[PDB]
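Below are the chains, spelled out letter by letter.
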Amino acid sequence: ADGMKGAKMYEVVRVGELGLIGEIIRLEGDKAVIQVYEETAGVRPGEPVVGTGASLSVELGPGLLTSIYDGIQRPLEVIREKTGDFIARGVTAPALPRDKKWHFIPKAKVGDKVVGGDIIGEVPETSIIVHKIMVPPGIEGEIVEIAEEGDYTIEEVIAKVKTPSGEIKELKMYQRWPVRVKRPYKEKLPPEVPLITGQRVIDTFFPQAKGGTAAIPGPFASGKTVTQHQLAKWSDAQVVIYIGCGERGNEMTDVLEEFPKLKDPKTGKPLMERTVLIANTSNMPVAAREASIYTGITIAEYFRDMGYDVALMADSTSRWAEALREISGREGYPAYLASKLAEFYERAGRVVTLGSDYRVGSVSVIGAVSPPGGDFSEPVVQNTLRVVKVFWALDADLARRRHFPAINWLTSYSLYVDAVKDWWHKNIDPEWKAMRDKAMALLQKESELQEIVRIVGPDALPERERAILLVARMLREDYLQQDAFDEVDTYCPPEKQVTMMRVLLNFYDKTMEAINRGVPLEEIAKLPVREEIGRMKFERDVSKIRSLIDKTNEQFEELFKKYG
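Residues numbered from 1 in each chain as written, not as in the entry; some residues may be left out. Heavy atoms only, no water.

Structure determination for the deposited model, as stated in its record, used X-ray crystallography, and the stated resolution is 2.6000 Å.

The chain goes by V-type ATP synthase alpha chain in the PDB entry, where it is assigned to Pyrococcus horikoshii. Note on the chain: under the UniProt heading Subcellular location, the record states "Cell membrane". UniProt lists a comment for the chain under the heading Sequence similarities, and it reads "Belongs to the ATPase alpha/beta chains family." (UniProt positions renumbered as here; feature names shortened; annotations may be inferred.)

As structure tokens, this is what we get:
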């Protein structure tokens, strides 16, 4: 029975674990399981129960973008005198500006048959995103009335729907949805299309699928911020929903000050215009932090319902991982996570959306797992955890050797390689999967050789093996390592990735061929083309990169004719 500011509840008669953040002297309505009003909930002064009919929900409409909110959709409120300068918690207010005049364009006409998910209108919310106005789930029937091409505010009725029962349902530019019931769809499609991040190591060796689940185990100082920001801005989604902001004391400060300056490199316009932030801080309660991921996923699901690909990005381990007094009859702590965290991840996916038209959207999840409390086994991983399908394992040792991104290629993995190979095969390069497999086998071989060498030295290493170490190094330096700060290498298109790969694998073939014909490895190592390959990541013209294959072959010919 602990807590001071708006939190959850504590039983009543049967299966009770559900309450509400209620203010204006106690208004703890929203019940996830219904009951016959006030019974057993009094602990402190007075304490009655005034329950409402509504559930723990979220407003979904034009006004989400650019907004910051908290665990439950309520706006910023900036306060002075703390860490950096700004400290903020959730203040009870309209989840969306009621004042704002939004521009409605009709996409339906009187007489049209509509179903849940049908797009009836459009509003340009920002200069990047077009907000699609959809019939709420579970409403079908005929369009009897519809607003004209005009400038309205959130609460206005833009359409009337006559259901087949005869009942008239009133529709506005927004809708409500219970944060903890997954928004419906026609069909969850199997993982098939990759979410192109533009990061070579990720797209090639540890790919994410649109609608897939990814985790980033983050040791302190591994370039976690950089990778996070790279993913957010380049990755193949139209909309980003971001949850965190309070893992460092001044994280809220930098979020408040820097975010509006950040630009979307795809359009030049500000990145905030396609983002919805959800802040989780140490000052903010607890209930608005347990419920935060559901608020996030619901808004993410809402944008995918429009036919968008959405990236749900979480980077708030500590604030989220707070425990609570649960003394009662019962099902264990590592099982209180295992129930909900699994259901949260179960809500990721690429879907055929609701609607009379065939339409697809997705929600992909990248969750940062960085603990200040040592290990990440039972504390923040124990579960079947097979629900997360890709791990990008950031690595401090790699970071201090200055290999970036510091993604450990031996302990990361992706179970989406077979799922996405066909897209790469059909759209970009028939040999993609064969090429990553080969490159991986070679990285894997390097790893064993370095262990052996460590134990016995490099003195007696044969030419074949030294060649494998040479080429493996070119793979690490020329391909895995990528420069987020460079104007060209901050993004690597699919077409560039496979070309760079082919250049490298060709050099390998030719290298082993040469050893095979008695050419010394030193002579191969000084080959001029070798260092041009070192710089191809900075080249923007893919054909100039491609020409390196012929250039390589030619130079090996100059080596062959001077031996055999």
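Now that the structure has been shown, the text picks up again.
In this section: the overall build of the chain. Helix and strand counts for the chain stand at 16 helices and 21 strands. Here the C-alpha coordinates of the chain stretch approximately 95 × 55 × 45 Å along the principal axes. With the model as given, the accessible surface of the chain reaches about 26,900 Å², and the carbon-plus-sulfur share is 54%. Within the chain, one finds 76 positive and 85 negative side-chain charges whose respective centroids are separated by 1 Å. (Helix = DSSP H or I, 4+ residues; strand = E, 2+ residues; numbered from the N terminus. Areas by Shrake-Rupley, 256 points an atom, 1.4 Å probe, with all protein chains shown as cover. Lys, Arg positive; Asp, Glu negative; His and termini not counted. Charge placed at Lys NZ, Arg CZ, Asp CG, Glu CD.)

For the rest of this paragraph, the subject is the environment of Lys261. Checked against the element boundaries, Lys261 lands in the loop between α3 (251–258) and β16 (275–279). Assessed through its relative accessible area of 58%, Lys261 is described here as exposed. Considered as a pair, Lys261 and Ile21 are 240 residues apart in the sequence and their alpha carbons are 34 Å apart. (Buried < 20%, exposed > 50% of the residue type's maximum accessible area, 1.4 Å probe, protein only.)

Once that is clear, we can look at the packing of helix α9 (residues 417–427) against helix α10 (residues 432–456). Where α9 meets α10, the closest approach of the two axes is 8 Å, and the angle between their N-to-C directions is 125 degrees. The orientation of α9 relative to α10 falls into the category oblique. Two secondary-structure elements touch here, α9 through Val417, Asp418, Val420, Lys421, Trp424 and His425 and α10 through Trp432, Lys433 and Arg436. (Axes fitted to C-alpha atoms, helices over the stretch in contact; angles between N-to-C directions. Parallel < 35°, antiparallel > 145°, perpendicular 65-115°, else oblique. Contact = heavy atoms within 4.5 Å.)

In this structure the tally under the stated criterion is 13 aromatic pairs. Between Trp423 and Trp424, the ring centres sit 5.6 Å apart and the planes meet at 80 degrees, which makes this aromatic pair edge-to-face. Taking the relative accessible area as the measure of exposure, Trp423 reaches 22% and is therefore partly exposed. Among the aromatic side chains, those forming a connected cluster through ring pairs are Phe205, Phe206 and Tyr479. Above the ring of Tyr294, the side-chain terminus of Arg180 is found at 5.1 Å from the ring centroid. Over the face of the ring belonging to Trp177 we find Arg183, whose NZ or CZ atom lies 5.1 Å from the ring centre. (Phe/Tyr/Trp six-rings, centres within 6.5 Å; stacked < 30°, edge-to-face > 60°. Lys NZ or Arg CZ within 6 Å of the ring centre and 35° of its normal.)

Further remarks concern the sheet that holds strand β6 (residues 141–146). Ordered by their spatial adjacency, four strands build an open sheet running β3-β6-β8-β9, and the pairing between neighbours is antiparallel. Two strands in the sheet have a free side with no partner beyond their single neighbour: β3 (113–114) and β9 (168–172). Pairing of strand β8 (residues 157–162) with β9, which is carried by five bridges, proceeds in the antiparallel orientation. Bridged to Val157 within β9 is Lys172. (Pairing = 2+ DSSP bridges.)

On to the sheet that holds strand β7 (residues 150–153). Reading across from one edge, β5-β4-β2-β7 is the order of the four strands in this open sheet, with antiparallel pairing throughout. Two strands close off the open sheet at either side, each with one partner strand: β5 (130–134) and β7. When strand polarity is set aside, the average angle formed by the axes of neighbouring strands in this sheet is 40 degrees. Relative to β7, strand β2 (residues 101–106) runs antiparallel, the two sharing four bridges. Bridging across to β7, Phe104 finds its partner in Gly150.

In this structure, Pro405 follows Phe404 across a cis peptide bond, with omega equal to -10 degrees. Relative to the helices and strands, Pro405 resides in the loop between α8 (396–400) and β21 (413–414). Despite not being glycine, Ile25 has its phi angle at roughly 50 degrees, a positive value. Tracing the backbone through its elements, the reader meets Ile25 in the segment before β1 (57–60). Residue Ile25 is classed as exposed on the basis of its relative accessible area of 69%. Backbone geometry places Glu47, a non-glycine residue, at a positive phi of 55 degrees. Among the structural elements, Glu47 can be located in the segment before β1. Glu47 gets classed as buried once you look at its relative accessible area, which sits at 13%.

Once that is clear, we can look at the packing of helix α11 (residues 463–480) against helix α12 (residues 494–516). Two elements in contact, α11 and α12, have axes separated by 10 Å at closest approach and are oriented at 165 degrees. In terms of axis orientation, α11 runs roughly antiparallel to α12. Considering how the two elements wind past one another, α11 and α12 form a crossing that is right-handed. Packed against α11, whose contacting residues are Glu463, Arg464, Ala467, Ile468, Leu470, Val471, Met474, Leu475, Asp478 and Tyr479, the element α12 presents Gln497, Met500, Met501, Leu504, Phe507, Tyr508, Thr511, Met512 and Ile515 at the interface. For the contact of α11 with α12, the per-class residue count stands at 14 nonpolar, two polar and three charged. (Left-handed = near helix turned anticlockwise from the far one by under 90°. Nonpolar A, V, L, I, M, F, W, Y, C, P; charged D, E, K, R; others polar.)

Below, the discussion takes up the side chain of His403. With respect to the helices and strands, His403 occurs in the loop between α8 and β21. A polar contact is formed between the side chain of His403 and the backbone oxygen of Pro405, at a distance of 3.4 Å. Residues contacting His403, with those up to four places away along its chain left out, are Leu398, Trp409, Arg476, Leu480 and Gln481. (Polar contact = N/O pair within 3.5 Å; in protein donor to acceptor, adjacent residues only side chain to side chain.)

Looking now at the environment of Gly6. Tracing the chain through its elements places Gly6 in the segment before β1. Taking the C-alpha atoms as reference points, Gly6 and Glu38, 32 residues apart in sequence, are found 18 Å from one another. Filtering out sequence-adjacent residues up to four positions away, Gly6 remains in contact with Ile21, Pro285 and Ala287.

The next subject is the nonpolar core. Ranked by internal contacts, the top residues of the largest apolar core, which has 80 residues, are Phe205, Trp392, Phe507, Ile524 and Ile533. Looking at this core, the element that brings in the most residues is α12, giving eleven residues. Residue assignment places this core across two domains, with domain 2 (57–99 + 172–414) and domain 4 (415–564) each supplying three or more. Residue contacts for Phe205: discarding those within four places in its chain leaves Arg200, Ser414, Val417, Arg436, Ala439, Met440, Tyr479, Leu480 and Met501. With 37 residues, the next largest nonpolar core counts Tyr69, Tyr294, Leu337 and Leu341 among its residues. (Core = buried A, V, L, I, M, F, W, Y, C linked by side-chain atoms within 4.5 Å. Domains from an automatic or database assignment.)

Further remarks concern a nonpolar patch on the surface. Taken together, the side chains of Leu76, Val78 and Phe86 make up a nonpolar region of the molecular surface, amounting to roughly 230 Å² of accessible area. You can see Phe86 is positioned in the loop between β1 and β2. (Patch = residues over 30% accessible without salt bridge, like charges linked within 9 Å, V, L, I, M, F, W, Y side chains within 5 Å. Salt bridge = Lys/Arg side-chain N within 4 Å of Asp/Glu carboxyl O.)

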